[PDB]
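Written out below as structure tokens is the structure these notes cover.
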Amino acid sequence: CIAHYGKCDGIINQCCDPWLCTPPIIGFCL
């Protein structure tokens with residue numbers, strides 16, 4: 001479910017950790 005602080009597919013904010021994927025498109029979950 002997306003690597004730690006790793007980029008996301010974009011429209012899919014399914015980032016387990018650390019918290020959420022923001023921004024959604026072209027961003028990293030922190």
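We label chains A, B, ... in the order they appear in the structure tokens, count residues from 1 in each chain, and number ligands from 1 in the order shown.
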
Please identify all polymer residues within 6 Å of residue 30 of chain A, counting only C-alpha atoms, omitting same-chain residues fewer than 2 positions from it, and present them as a ChimeraX atom specification. /A:5,18-19

Near-residue 22 of chain A list (10 Å; only C-alpha atoms; drop same-chain fewer than 3 positions) as a VMD selection string: chain A and resid 7 to 8 10 13 15 19 25 to 30

So that I can check the surroundings of residue 12 of chain A, please list as a PyMOL selection string every protein, DNA and RNA residue that reaches within 10 Å of it, counting only C-alpha atoms and ignoring chain neighbours fewer than 5 positions away. chain A and resi 2+21+24-25

Just-selected residues, N, CA and C atoms written as a PDB file, in the first residue's frame:
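Once everything was written out, this is selection_27.pdb:
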ATOM      1  N   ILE A   2       1.613   1.453  -1.081  1.00  0.00           N
ATOM      2  CA  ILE A   2       2.483   2.616  -1.205  1.00  0.00           C
ATOM      3  C   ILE A   2       3.586   2.594  -0.152  1.00  0.00           C
ATOM      4  N   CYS A  21      -2.042  10.361   1.978  1.00  0.00           N
ATOM      5  CA  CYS A  21      -1.296  10.823   0.814  1.00  0.00           C
ATOM      6  C   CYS A  21      -1.795  12.190   0.356  1.00  0.00           C
ATOM      7  N   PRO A  24      -3.002  14.453  -3.343  1.00  0.00           N
ATOM      8  CA  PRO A  24      -3.405  13.197  -3.981  1.00  0.00           C
ATOM      9  C   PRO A  24      -2.643  12.934  -5.275  1.00  0.00           C
ATOM     10  N   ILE A  25      -2.671  13.904  -6.181  1.00  0.00           N
ATOM     11  CA  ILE A  25      -1.981  13.777  -7.459  1.00  0.00           C
ATOM     12  C   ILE A  25      -0.606  14.435  -7.409  1.00  0.00           C
TER      13      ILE A  25
END

Per DSSP on the backbone, filter chain A down to the residues in strand (DSSP E or B) and report them as a tab-separated table (two decimals) with N, CA and C atoms, in the first residue's frame.
chain	number	residue	atom	x	y	z
A	7	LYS	N	5.74	8.21	-3.44
A	7	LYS	CA	4.75	8.75	-4.36
A	7	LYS	C	3.57	7.80	-4.51
A	21	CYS	N	-2.04	10.36	1.98
A	21	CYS	CA	-1.30	10.82	0.81
A	21	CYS	C	-1.79	12.19	0.36
A	28	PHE	N	3.42	13.03	-1.85
A	28	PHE	CA	3.85	11.94	-0.98
A	28	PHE	C	3.12	12.00	0.36
A	29	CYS	N	2.75	10.83	0.87
A	29	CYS	CA	2.04	10.75	2.14
A	29	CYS	C	2.98	11.01	3.31
